[PDB]
Amino acid sequence: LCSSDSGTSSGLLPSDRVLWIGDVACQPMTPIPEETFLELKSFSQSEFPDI
Amino acid sequence: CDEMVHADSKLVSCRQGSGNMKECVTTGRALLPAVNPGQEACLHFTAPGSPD
C-alpha cells in the first residue's frame with residue numbers, strides 16, 4: 001500500500017526512492033546451444049533435492 | 001566389454017516432460033571391477049519402462 005504525503009513534494013532525494021535489491025553484474029553475452037541449457041537445468045535439479 | 005555391471009535404478013524420479021520419449025534424472029554410486037589394459041568397461045542403465 002502506497003501512502004499519500006506532501007513531505008515528498010520536492011523531487012530532491014539521494015536514492016531515497018531508488019533502493020535496489022541484489023548485487024548483479026551484467027555484460028554483453030554470446031549464447032549457448034539449446035542442449036547446453038538443458039544440461040544446466042537438470043543438474044540444478046539434482047543438487048537441490050529438497051527444493 | 002567383458003566385465004559389465006548394471007546400475008542400481010531403485011532411485012526413481014522421472015518427469016514426463018514428453019510422452020513420446022521420456023525423461024529422468026538420477027544419481028548414485030557404483031563399484032565396477034578394473035578391466036584389463038587395452039579394453040573398455042561398460043555401465044548399463046535401466047528404466048522401469050521397457051523400450052529405451
# chains A, B, ... in the order shown; residues from 1 in each chain; ligands from 1
call {"tool": "interface_residues", "arguments": {"of": "chain B", "to": "chain A", "cutoff": "9 Å", "atoms": "only C-alpha atoms", "output": "ChimeraX atom specification"}}
result
/B:24-27
call {"tool": "residues_around", "arguments": {"residues": "residue 22 in chain B", "least_positions_apart": "2", "cutoff": "12 Å", "atoms": "only C-alpha atoms", "output": "PDB file with N, CA, C and O atoms, in the first residue's frame"}}
result
ATOM      1  N   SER B  13      12.972 -41.159 -10.152  1.00  0.00           N
ATOM      2  CA  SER B  13      12.249 -39.895 -10.223  1.00  0.00           C
ATOM      3  C   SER B  13      12.339 -39.389 -11.652  1.00  0.00           C
ATOM      4  O   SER B  13      13.351 -38.793 -12.033  1.00  0.00           O
ATOM      5  N   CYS B  14      11.284 -39.612 -12.430  1.00  0.00           N
ATOM      6  CA  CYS B  14      11.267 -39.257 -13.845  1.00  0.00           C
ATOM      7  C   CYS B  14      10.052 -38.384 -14.115  1.00  0.00           C
ATOM      8  O   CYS B  14       8.927 -38.772 -13.785  1.00  0.00           O
ATOM      9  N   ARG B  15      10.276 -37.215 -14.712  1.00  0.00           N
ATOM     10  CA  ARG B  15       9.200 -36.299 -15.067  1.00  0.00           C
ATOM     11  C   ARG B  15       8.835 -36.486 -16.533  1.00  0.00           C
ATOM     12  O   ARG B  15       9.711 -36.508 -17.404  1.00  0.00           O
ATOM     13  N   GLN B  16       7.542 -36.640 -16.798  1.00  0.00           N
ATOM     14  CA  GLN B  16       7.064 -36.957 -18.139  1.00  0.00           C
ATOM     15  C   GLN B  16       6.918 -35.670 -18.949  1.00  0.00           C
ATOM     16  O   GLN B  16       5.825 -35.252 -19.333  1.00  0.00           O
ATOM     17  N   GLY B  17       8.066 -35.038 -19.204  1.00  0.00           N
ATOM     18  CA  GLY B  17       8.065 -33.817 -19.991  1.00  0.00           C
ATOM     19  C   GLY B  17       7.543 -34.017 -21.400  1.00  0.00           C
ATOM     20  O   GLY B  17       6.868 -33.139 -21.945  1.00  0.00           O
ATOM     21  N   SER B  18       7.847 -35.159 -22.006  1.00  0.00           N
ATOM     22  CA  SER B  18       7.315 -35.528 -23.307  1.00  0.00           C
ATOM     23  C   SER B  18       6.784 -36.954 -23.247  1.00  0.00           C
ATOM     24  O   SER B  18       7.338 -37.811 -22.552  1.00  0.00           O
ATOM     25  N   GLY B  19       5.700 -37.201 -23.978  1.00  0.00           N
ATOM     26  CA  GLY B  19       5.054 -38.501 -23.952  1.00  0.00           C
ATOM     27  C   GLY B  19       5.679 -39.522 -24.879  1.00  0.00           C
ATOM     28  O   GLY B  19       5.741 -40.711 -24.549  1.00  0.00           O
ATOM     29  N   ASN B  20       6.149 -39.073 -26.045  1.00  0.00           N
ATOM     30  CA  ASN B  20       6.776 -39.990 -26.990  1.00  0.00           C
ATOM     31  C   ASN B  20       8.080 -40.546 -26.430  1.00  0.00           C
ATOM     32  O   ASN B  20       8.297 -41.764 -26.429  1.00  0.00           O
ATOM     33  N   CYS B  24      14.316 -38.477 -17.347  1.00  0.00           N
ATOM     34  CA  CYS B  24      14.555 -38.859 -15.965  1.00  0.00           C
ATOM     35  C   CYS B  24      15.894 -38.293 -15.519  1.00  0.00           C
ATOM     36  O   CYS B  24      16.779 -38.038 -16.341  1.00  0.00           O
ATOM     37  N   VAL B  25      16.028 -38.097 -14.210  1.00  0.00           N
ATOM     38  CA  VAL B  25      17.247 -37.580 -13.599  1.00  0.00           C
ATOM     39  C   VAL B  25      17.551 -38.418 -12.364  1.00  0.00           C
ATOM     40  O   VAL B  25      16.680 -38.604 -11.506  1.00  0.00           O
ATOM     41  N   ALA B  47      15.644 -48.433 -16.957  1.00  0.00           N
ATOM     42  CA  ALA B  47      14.476 -47.630 -16.643  1.00  0.00           C
ATOM     43  C   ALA B  47      13.297 -48.563 -16.424  1.00  0.00           C
ATOM     44  O   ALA B  47      13.254 -49.655 -17.004  1.00  0.00           O
ATOM     45  N   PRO B  48      12.336 -48.171 -15.585  1.00  0.00           N
ATOM     46  CA  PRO B  48      11.149 -49.022 -15.398  1.00  0.00           C
ATOM     47  C   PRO B  48      10.407 -49.298 -16.691  1.00  0.00           C
ATOM     48  O   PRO B  48       9.846 -50.390 -16.847  1.00  0.00           O
ATOM     49  N   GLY B  49      10.386 -48.344 -17.622  1.00  0.00           N
ATOM     50  CA  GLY B  49       9.864 -48.614 -18.942  1.00  0.00           C
ATOM     51  C   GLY B  49      10.808 -49.464 -19.771  1.00  0.00           C
ATOM     52  O   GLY B  49      12.028 -49.434 -19.610  1.00  0.00           O
ATOM     53  N   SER B  50      10.225 -50.236 -20.676  1.00  0.00           N
ATOM     54  CA  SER B  50      10.975 -51.243 -21.418  1.00  0.00           C
ATOM     55  C   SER B  50      11.845 -50.686 -22.546  1.00  0.00           C
ATOM     56  O   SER B  50      13.068 -50.874 -22.518  1.00  0.00           O
ATOM     57  N   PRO B  51      11.273 -49.998 -23.547  1.00  0.00           N
ATOM     58  CA  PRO B  51      11.964 -49.909 -24.849  1.00  0.00           C
ATOM     59  C   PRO B  51      13.331 -49.239 -24.828  1.00  0.00           C
ATOM     60  O   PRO B  51      14.225 -49.681 -25.560  1.00  0.00           O
ATOM     61  N   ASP B  52      13.537 -48.199 -24.022  1.00  0.00           N
ATOM     62  CA  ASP B  52      14.726 -47.367 -24.154  1.00  0.00           C
ATOM     63  C   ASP B  52      15.688 -47.570 -22.992  1.00  0.00           C
ATOM     64  O   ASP B  52      15.280 -47.847 -21.860  1.00  0.00           O
TER      65      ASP B  52
END
call {"tool": "residues_around", "arguments": {"residues": "residue 3 in chain B", "least_positions_apart": "5", "cutoff": "9 Å", "atoms": "only C-alpha atoms", "output": "list in words"}}
result
residues 32, 33, 34, 35, 40, 41 and 42 of chain B
call {"tool": "atom_distance", "arguments": {"atom1": "CA of residue 8 in chain B", "atom2": "CA of residue 28 in chain B"}}
result
7.7 Å
call {"tool": "atom_distance", "arguments": {"atom1": "CA of residue 36 in chain A", "atom2": "CA of residue 21 in chain A"}}
result
29.4 Å
call {"tool": "residues_around", "arguments": {"residues": "residue 31 in chain B", "least_positions_apart": "6", "cutoff": "10 Å", "atoms": "only C-alpha atoms", "output": "PDB file with C-alpha atoms, in the first residue's frame"}}
result
ATOM      1  CA  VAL B   5      27.906 -54.077 -14.198  1.00  0.00           C
ATOM      2  CA  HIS B   6      24.425 -52.582 -14.376  1.00  0.00           C
ATOM      3  CA  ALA B   7      23.288 -49.566 -12.377  1.00  0.00           C
TER       4      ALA B   7
END
call {"tool": "atom_distance", "arguments": {"atom1": "CA of residue 41 in chain A", "atom2": "CA of residue 30 in chain B"}}
result
24.1 Å
call {"tool": "select_by_dssp", "arguments": {"residues": "range 2-49 of chain A", "states": "helix (DSSP H, G or I)", "output": "compact mmCIF listing (two decimals) with N, CA, C and O atoms, in the first residue's frame"}}
result
# COMPACT_ATOMS: atom_id res chain seq x y z
N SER A 6 2.61 14.99 1.51
CA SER A 6 3.19 16.17 0.87
C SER A 6 4.66 16.36 1.20
O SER A 6 5.31 17.23 0.60
N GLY A 7 5.21 15.58 2.13
CA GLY A 7 6.59 15.75 2.52
C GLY A 7 7.57 15.40 1.42
O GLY A 7 8.76 15.70 1.53
N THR A 8 7.09 14.76 0.35
CA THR A 8 7.92 14.39 -0.78
C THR A 8 7.65 15.25 -2.01
O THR A 8 8.01 14.85 -3.13
N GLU A 34 20.89 -24.98 -27.34
CA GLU A 34 19.73 -25.31 -26.51
C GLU A 34 20.01 -26.50 -25.60
O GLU A 34 19.56 -26.53 -24.45
N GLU A 35 20.76 -27.49 -26.10
CA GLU A 35 21.05 -28.67 -25.29
C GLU A 35 21.93 -28.32 -24.10
O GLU A 35 21.72 -28.84 -23.00
N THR A 36 22.91 -27.44 -24.30
CA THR A 36 23.74 -26.98 -23.19
C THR A 36 22.89 -26.35 -22.09
O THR A 36 23.17 -26.53 -20.90
N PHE A 37 21.84 -25.62 -22.48
CA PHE A 37 20.90 -25.10 -21.49
C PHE A 37 20.21 -26.24 -20.75
O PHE A 37 20.02 -26.17 -19.53
N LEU A 38 19.83 -27.29 -21.47
CA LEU A 38 19.12 -28.40 -20.84
C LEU A 38 20.01 -29.13 -19.83
O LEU A 38 19.51 -29.65 -18.83
N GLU A 39 21.32 -29.17 -20.08
CA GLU A 39 22.22 -29.80 -19.13
C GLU A 39 22.20 -29.09 -17.79
O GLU A 39 22.14 -29.73 -16.73
N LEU A 40 22.26 -27.75 -17.81
CA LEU A 40 22.26 -26.99 -16.56
C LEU A 40 20.96 -27.17 -15.80
O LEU A 40 20.96 -27.30 -14.57
N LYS A 41 19.83 -27.19 -16.52
CA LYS A 41 18.54 -27.28 -15.85
C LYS A 41 18.42 -28.58 -15.06
O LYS A 41 17.98 -28.58 -13.91
N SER A 42 18.81 -29.71 -15.67
CA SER A 42 18.73 -30.99 -14.98
C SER A 42 19.70 -31.05 -13.81
O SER A 42 19.35 -31.55 -12.73
N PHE A 43 20.92 -30.55 -14.00
CA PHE A 43 21.92 -30.64 -12.94
C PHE A 43 21.53 -29.82 -11.73
O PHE A 43 21.81 -30.20 -10.59
N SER A 44 20.89 -28.67 -11.95
CA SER A 44 20.40 -27.87 -10.84
C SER A 44 19.35 -28.63 -10.04
O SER A 44 19.29 -28.51 -8.81
N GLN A 45 18.52 -29.42 -10.72
CA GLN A 45 17.52 -30.22 -10.03
C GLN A 45 18.17 -31.20 -9.07
O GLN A 45 17.72 -31.36 -7.92
N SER A 46 19.23 -31.88 -9.52
CA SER A 46 19.86 -32.91 -8.70
C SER A 46 20.49 -32.32 -7.44
O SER A 46 20.46 -32.95 -6.37
N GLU A 47 21.08 -31.13 -7.55
CA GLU A 47 21.89 -30.62 -6.45
C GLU A 47 21.01 -30.19 -5.28
O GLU A 47 21.44 -30.26 -4.12
